[PDB]
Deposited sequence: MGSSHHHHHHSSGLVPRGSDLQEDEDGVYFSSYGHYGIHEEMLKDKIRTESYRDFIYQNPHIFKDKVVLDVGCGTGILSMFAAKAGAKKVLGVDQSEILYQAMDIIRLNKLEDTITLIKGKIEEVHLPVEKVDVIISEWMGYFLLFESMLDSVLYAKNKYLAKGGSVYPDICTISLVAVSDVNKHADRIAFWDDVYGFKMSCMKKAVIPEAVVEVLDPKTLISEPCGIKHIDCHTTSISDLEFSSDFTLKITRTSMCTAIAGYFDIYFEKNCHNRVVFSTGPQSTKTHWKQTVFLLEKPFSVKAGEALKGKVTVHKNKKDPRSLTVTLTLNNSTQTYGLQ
């Protein structure tokens, strides 16, 4: 219901200008089409689609924000193009059988933490016309190795001596919590490894639980203290002007930052080493099981 999350999303220029660039630079995708905006929030993506020449835009949001979207759409005189419907996309009555295009910003931290993709996929299976399109269409998840003994000490070792007192028992509560923060790209000590490719046209709900064996190509002899996760978002299908953005630490920071899994036992790596591990994602919410250097830890996102 609250606007704070909407302000954070809207003020992310990488996020919001990627969507704008996609829609405005590929207007043939929207021209005289019926568009569904799943979880439309303030309705900005619905308005971009109307500006690109949409015949009709259905903006669906379950929360109080939809009342603000109703006012925003009237303030921009688009009420003849954009219809707003309050409710879960799984429950609402749409005034059409099918839609030509689905658009959504459904992505969570590490792509899948508190993500809306389940609801986007429900909307796809129920409402997308034969030969229609869903955007963004292609997503990847990547891991990269990190060396940051100081950040590791600030989070873990800290608990050994707190103003003269032992609190070492606190570390077992800290290690299993993934950290969302922007990484200094100087602390990256491997090439990235892709662990997941999603095409929204063909992926099912069951595909979003997955396991990947990975190889981190180590680029610096150092103490590996953490594995960082991030994701890349692609607008491809039928585009003359393809759009991509990365939430990786080598790219301009976004509100998604990067997801960091601290190692209980940091371990030394060598430039040239092929560091092999296994990662598994499970839902209910989201957990990430990591095996590396012959130990295993499951992480969750608070």
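Novice: Given the full deposited sequence, which segments carry no C-alpha coordinates?
Specialist: In sequence order, the gaps with no modelled C-alpha are 1-33, 318-322.
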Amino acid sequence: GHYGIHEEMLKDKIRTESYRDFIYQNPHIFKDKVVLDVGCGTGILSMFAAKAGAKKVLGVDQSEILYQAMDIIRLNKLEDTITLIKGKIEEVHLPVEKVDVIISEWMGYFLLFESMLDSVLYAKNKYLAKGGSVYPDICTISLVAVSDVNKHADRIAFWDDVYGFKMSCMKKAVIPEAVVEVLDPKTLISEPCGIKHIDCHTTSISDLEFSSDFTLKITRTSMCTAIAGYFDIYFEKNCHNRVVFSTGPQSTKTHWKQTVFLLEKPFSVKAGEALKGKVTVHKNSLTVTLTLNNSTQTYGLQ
From here on, numbers count along this sequence of modelled residues.
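Rigid core here is just the name for the largest C-alpha set that superposes within 1.5 Å across the two forms.
Novice: Figure out for me whether 285-293 or 21-29 is the more displaced stretch in 6 other deposited structures of this protein, taking RMS C-alpha distance from the shown form once the rigid core is superposed.
Specialist: Farther from the shown form on average in 6 other deposited structures of this protein: 285-293.
Novice: With everything overlaid on the rigid core, name the stretch, 218-226 or 112-120, whose CA atoms wander farther on average in 6 other deposited structures of this protein.
Specialist: Once the cores are fitted, 112-120 deviates more in 6 other deposited structures of this protein.
Novice: Per the record, averaged over C-alpha atoms, which has the higher B-factor: 292-300 or 1-9?
Specialist: Higher of the two, by average CA B-factor, is 1-9.
Novice: Once you work out the mean C-alpha B-factor for both 88-96 and 132-140 from the entry, which is higher?
Specialist: The stretch with the larger average C-alpha B-factor is 88-96.
Novice: In terms of recorded Cα temperature factor, pick the maximum from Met47, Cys239, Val260, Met70.
Specialist: The C-alpha B-factor peaks, among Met47, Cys239, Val260, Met70, at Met70.
Novice: With respect to the C-alpha temperature factors reported in the PDB entry, which of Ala157, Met107, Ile227, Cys193 ranks highest?
Specialist: By C-alpha B-factor in the record, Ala157 ranks first.
Novice: Looking at the entry's B-factor column for C-alpha atoms only, identify whether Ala173 ranks in the lowest, middle or highest third of its chain.
Specialist: Top third by C-alpha B-factor.
Novice: When the modelled residues of the chain are sorted by Cα temperature factor, does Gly53 land in the lowest, middle or highest third?
Specialist: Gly53: CA B-factor falls in the middle third of its chain.
Novice: Which third of the chain holds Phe113 when residues are ordered by C-alpha B factor: lowest, middle or highest?
Specialist: As the PDB entry reports it, the C-alpha B-factor of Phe113 lands in the highest third of its chain.
Novice: Could you look up the Cα B-factor of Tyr127 in the entry and say which third of the chain it sits in: lowest, middle or highest?
Specialist: Ranked within chain, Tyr127 CA B lands in the highest tercile.
Novice: In terms of the CA temperature factor given in the entry, to which third of its chain does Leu275 belong: lowest, middle or highest?
Specialist: CA B-factor rank for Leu275: highest third.
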